[PDB]
Amino acid sequence: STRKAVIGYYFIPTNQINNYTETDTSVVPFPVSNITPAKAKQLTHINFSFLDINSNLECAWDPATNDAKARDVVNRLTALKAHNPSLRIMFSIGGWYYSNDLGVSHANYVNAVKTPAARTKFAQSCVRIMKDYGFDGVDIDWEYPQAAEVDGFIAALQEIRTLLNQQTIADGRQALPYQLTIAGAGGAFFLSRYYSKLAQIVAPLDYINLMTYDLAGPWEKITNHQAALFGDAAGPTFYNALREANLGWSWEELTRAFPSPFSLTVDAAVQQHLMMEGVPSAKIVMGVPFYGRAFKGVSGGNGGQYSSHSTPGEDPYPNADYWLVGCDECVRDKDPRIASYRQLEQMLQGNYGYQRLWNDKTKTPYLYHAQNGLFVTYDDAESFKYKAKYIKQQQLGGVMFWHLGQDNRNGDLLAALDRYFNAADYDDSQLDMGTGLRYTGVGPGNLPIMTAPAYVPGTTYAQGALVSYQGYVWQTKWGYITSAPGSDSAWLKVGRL
Ligand SMILES: CNC(=O)NC(=N)NCCC[C@H](NC(=O)Cn1nncc1CO/N=C/c1ccnc2ccccc12)C(=O)N(Cc1ccccc1)Cc1ccccc1
Ligand SMILES: O=[P-]([O-])[O-]
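All letters in the sequence shown, in the order written, are residues -40 to -1, 1 to 457 by mature numbering (1 follows the signal peptide of the UniProt record, and there is no 0).
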């Protein structure tokens, strides 16, 4: 009965705001007018991106920004709300460029959350910016607070949330109350910086939007799918950094939660979240990419999957060889490594040499260019069927995606997601989810329902014995135990009544 959220980033850079126009796509490729009223109906949230934190340790626009043209752009977005009384125009603070460990504004993120007074000043600047520009809530996209900073970051979300609540009461906005989201890490390495405090991070949020993409990159040594839903045994596996987080769990508890190595996948990151106590399924939103990542230098035999490769990893892209054949946007943006779905469709349709292939374990598509040795990992309306069924089945809150201008012109990716959740005539009850590798970790937050005979005092239990006691089902870790379950370390809690 609750509508799945559908959260779409709208990114526009300072130069384009300052030269804003809706009638010249070589100045602004994706102007607000491209968000038609039928698109506005399919979205629950649009994430205007990106604001920053300045050296005053306040949320601010980039200072080169033309303020009147910024307001004009935001007003066109907030005007969309007339087609959809559920729709929110959020704004987003951060992104990779601003907030990465080596980003130009990084120190500001660190310092803004560092003390109580600085959090109060930061928090106030967020709401004040929200109210002044007419936005409907705040999304924080710091990539990423480190374990030392995370208590500051949490405090900062708490205080912002208090100020959003005051503000909803002052504006009478209980029918569409002001909201707080974050863009969360979607792979265990980054996730491990804050994983041990996930319940605290998510509690003040309406949603944690997982970046369950960018899970392969030039930075890995072997090509892979950047957003595989489930795992492929023929693909690479990785060290599970969460087994080293500061959780205070036992070896058995750690081992059962965090198999290692493991398959880097959407499913994995979602289960990683569900394992933790006090992270509800309904606040978890699955990110999907509206773009592919492209590799060169590959030798297939397997469609260019799981191949060594020669893709530069530097930033900026370090030369002018735009090798991604038929990628015109790539030339425009001076980087062949990232191609929008809108462009990939045109590459596949033209005579550029690609085949579209499908991995039935990962439930994701891929292009392969056999004559030049290219491999592209992307998502389409077909991969979205499986991800949408997963969202419904796992009782997740919705889907988030980056970014709106990467949809094709007709908006088919977005229409597909709206349809899989909301169309009466769409049936996925027979959609086969396949036999790819599921992440099987179990933690305190996702214990299965189980039954077992009642624990009996005096009985000598062997290894593996299952009993039920004080609301749970417990298993002995070795034999022969006679202790009451929960009273010492012999018993592992494995399930709930
Ligand atoms: C909602 N937030 C996000 O979705 N964040 C996000 N995807 N962050 C990672 C972004 C890295 C990206 N950069 C690259 O991917 C460049 N690149 N391509 N191949 C290699 C590189 C170099 O950067 N690698 C970043 C990276 C990203 C993720 N994990 C890593 C792990 C180890 C090392 C590096 C990474 C980037 O900075 N830009 C392009 C881009 C943004 C979003 C999605 C895909 C691409 C710049 C940009 C442009 C317009 C608007 C905002 C941001
Ligand atoms: O570089 P990292 O383990 O967050």
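Ideal placement from N, C-alpha and C gives every residue a C-beta, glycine not left out.
| Asked | Found |
| --- | --- |
| Ligand 2 and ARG153: does the residue's C-beta get closer than 7 Å to at least one heavy atom of that ligand? | yes |
| Hey, is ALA201 close to ligand 2, as in C-beta under 7 Å from one of its heavy atoms? | yes |
| If you count every other CB in all the chains shown that lies within 10 Å of the CB of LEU62, and 16 or more means buried, which is it? | exposed |
| Pull the bridge partners of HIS363 from the DSSP assignment, please. | None; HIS363 has no bridge partner. |
| Kindly indicate which three-state DSSP category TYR429 falls into: helix, strand or coil? | strand |
| With a threshold of 7 Å (Cβ to nearest heavy atom), would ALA115 be considered close to ligand 1? | no |
| What do you reckon, are the CB atoms on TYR154 and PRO105 nearer than 8 Å? | yes |
| Measuring straight from C-alpha to C-alpha, what distance separates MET410 and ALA425? | 14 Å |
| With DSSP collapsed to three states, give me the class of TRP179. | coil |
| Would you say the stretch 325 to 333 touches the stretch 264 to 273, given that touching needs at least three Cβ pairs under 8 Å? | yes |
| Identify whether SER9 lies in helix, strand or coil by the three-state DSSP scheme. | strand |
| Is the closest heavy atom of ligand 2 to the C-beta of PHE150 under 7 Å? | yes |
| With three or more C-beta pairs closer than 8 Å as the rule, is the stretch 403 to 421 touching the stretch 369 to 385? | no |
| Can you grab the Cα-Cα spacing for the pair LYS437 / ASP295, in whole Å? | 54 Å |
| Evaluate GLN134 with the Cβ neighbour count: other Cβ atoms within 10 Å of its Cβ, from every protein chain shown; 16 or more gives buried, anything less gives exposed. | exposed |
| Report buried or exposed for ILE(-6), applying the criterion of at least 16 other Cβ atoms within 10 angstroms of its Cβ. | buried |
| Name the residue from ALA42, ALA(-3), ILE49, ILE(-24) whose alpha carbon lies nearest to the alpha carbon of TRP21. | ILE(-24) |
| If you compare alpha carbons, which of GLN366, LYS181, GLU103 is closest to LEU151? | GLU103 |
| Are the Cβ atoms of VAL110 and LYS181 separated by less than 8 Å? | no |
| Please work out which residues of its chain come closer than 6 Å, Cβ to Cβ, to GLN435, disregarding the five sequence neighbours upstream and downstream, and give them in chain order. | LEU426, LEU452, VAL454 |
| Taking three-plus beta-carbon pairs below 8 Å as touching, is the stretch 27 to 47 in contact with the stretch 86 to 101? | yes |
| Please report the distance separating the alpha-carbon of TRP318 from that of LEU304. | 15 Å |
| Along the chain, where does the beta strand (DSSP E) containing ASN319 start, and where does it finish? | 315 to 319 |
| Answer yes or no: do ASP12 and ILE53 have a C-beta to C-beta separation smaller than 8 Å? | yes |
| Using CA coordinates, which residue listed in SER65, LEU234, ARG(-38) is at the minimum distance from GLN354? | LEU234 |
| Using only CA atoms, which one of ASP275, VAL433, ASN406 lies nearest to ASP293? | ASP275 |
| Assuming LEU304 is part of the beta strand (DSSP E), what are its boundary residues? | Looking at the DSSP string, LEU304 is not in any beta strand (DSSP E); the run it does join, the alpha helix (DSSP H), is 301 to 309. |
| Any idea if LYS321 is buried or exposed, counting beta-carbon neighbours within 10 angstroms, 16 or more meaning buried? | buried |
| For ligand 1, is there any heavy atom lying closer than 7 Å to the beta carbon of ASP320? | no |
| For residue 462, count the other beta carbons within 10 Å of its own beta carbon; 16 or more makes it buried, fewer makes it exposed. Which is it? | Because the chain here runs from -40 to 457, residue 462 falls outside it and cannot be looked at. |
| Between the alpha carbons of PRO(-10) and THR38, how many angstroms are there, rounded? | 14 Å |
| Output the distance between the C-alpha atoms of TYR(-31) and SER449, rounded to the nearest integer angstrom. | 51 Å |
| Return the chain-ordered list of same chain residues with a C-beta closer than 7 Å to the C-beta of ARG297, the five sequence neighbours on each side being excluded. | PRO178, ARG253, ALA254, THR271, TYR277 |
| Measure from the alpha carbon of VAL(-13) to the alpha carbon of each residue in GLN2, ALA(-3), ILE(-29), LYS(-2), then state which is nearest. | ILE(-29) |
| Are the CB atoms of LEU308 and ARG316 within a distance shorter than 8 Å? | yes |
| Once DSSP output is grouped into helix, strand and coil, what is the label at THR(-39)? | coil |
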